[PDB]
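Student:
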Amino acid sequence: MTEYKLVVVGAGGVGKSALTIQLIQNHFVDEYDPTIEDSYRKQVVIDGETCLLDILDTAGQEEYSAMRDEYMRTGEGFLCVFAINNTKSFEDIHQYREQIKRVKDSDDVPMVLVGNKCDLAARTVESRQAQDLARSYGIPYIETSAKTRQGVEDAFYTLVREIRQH
Ligand SMILES: Nc1nc2c(ncn2[C@@H]2O[C@H](COP(=O)(O)OP(=O)(O)NP(=O)(O)O)[C@@H](O)[C@H]2O)c(=O)[nH]1
Ligand SMILES: [Ca+2]
Ligand SMILES: [Ca+2]
Ligand SMILES: [Ca+2]
Ligand SMILES: [Mg+2]
Ligand SMILES: [Mg+2]
Ligand SMILES: [Mg+2]
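Following the deposited numbering, the numbering of the sequence shown begins with 1 at its first residue and continues without gaps.
#1: Specify, as a first and last residue, the run of the beta strand (DSSP E) that residue 167 falls within.
#2: Return helix, strand or coil for residue 126, following the three-state DSSP convention.
#3: Compute the Euclidean distance between the alpha carbons of residue 54 and residue 144, then round it to the nearest angstrom.
#4: Could you tell me the alpha carbon to alpha carbon distance between residue 18 and residue 146, rounded to whole angstroms?
#5: Could you name the residues, in chain order, whose CB is less than 7 Å away from a heavy atom belonging to ligand 3?
#6: To the nearest whole angstrom, what separates the beta carbons of residue 112 and residue 52, a pair I think is in contact under 8 Å?
#7: Any contact between the region 114–129 and the region 85–94? By contact I mean 3 or more CB pairs, one from each, below 8 Å.
#8: Should the region 60–67 be called in touch with the region 8–16, which here means at least 3 C-beta pairs below 8 Å?
#9: Which same chain residues end up closer than 7 Å to residue 132 when comparing Cβ atoms and leaving out the 5 residues on each side of it in sequence?
#10: Under 8 Å, do residue 156 and residue 79 count as touching if we go by C-beta distance?
Here's what the structure looks like:
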């Protein structure tokens, strides 16, 4: 069957792991344990296709990011995650996208922009600002909450749909 290799990237603490674990394991991780490099694999049916998701959950903390580029280079699509209550994480997205372009050696890489923690009201990134960023990259913007599950399946499945367009 088809395997989709997804890679989740973004600044430390934005909820990359919590999103991936909510998708795969159906619970919310409340604590913050910084990631080095973890992988998850699950067979799912997406738009009627039985396929295998292979998801790489990467480090956002600089200290734990050694060799992240070597993990990223295998990816077929990238979830570029920021938190809607973390303006710096949103600003960081451009540098993650530049890194993606470098590791894939391409200006045309399947990606989705994800604004996580949308259950929180300390919003400093308005939807329209992120919509505009995503538009400049030619990709969709989706908001998620790893805590409530809002948008979680949609974000990952949208990334699969973006890979299918390439
Ligand atoms: N309210 C709320 N908290 C969230 C959400 N997603 C993650 N968090 C919280 O934010 C913290 C960091 O989440 P985590 O998934 O570890 O972040 P990360 O991006 O994987 N960090 P790292 O890059 O260091 O591995 C945790 O305390 C987690 O519970 C969300 O959607 N809503
Ligand atoms: Ca594949
Ligand atoms: Ca929990
Ligand atoms: Ca390269
Ligand atoms: Mg993590
Ligand atoms: Mg503002
Ligand atoms: Mg699209």
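We treat Cβ as the ideally placed atom computed from N, Cα and C, and that holds for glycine.
Tutor: In brief:
#1: No answer is possible for residue 167: it lies beyond the span of the chain, which begins at 1 and ends at 166.
#2: Taking the sequence shown and counting its residues from 1, the one referred to as residue 126 is at position 126. It is coil, neither helix nor strand.
#3: The residue you call residue 54 lines up with position 54 of the sequence shown. The residue you call residue 144 lines up with position 144 of the sequence shown. Spanning the two alpha carbons is a distance of roughly 20 Å.
#4: The residue labelled residue 18 in the question sits at position 18 within the sequence shown. The residue labelled residue 146 in the question sits at position 146 within the sequence shown. So the alpha carbons of these two residues sit roughly 6 Å apart.
#5: 27, 28, 29 and 30
#6: One-based indexing of the sequence shown puts residue 112 at position 112. One-based indexing of the sequence shown puts residue 52 at position 52. The Cβ separation is near 19 Å, so there is no contact.
#7: yes
#8: yes
#9: As a position in the sequence shown, residue 132 is number 132, starting the count at 1. None.
#10: For the purposes of this step, residue 156 is identified with residue 156 of the sequence shown, where counting begins at 1. For the purposes of this step, residue 79 is identified with residue 79 of the sequence shown, where counting begins at 1. It is a contact, given that the beta carbons lie within the stated cut-off.
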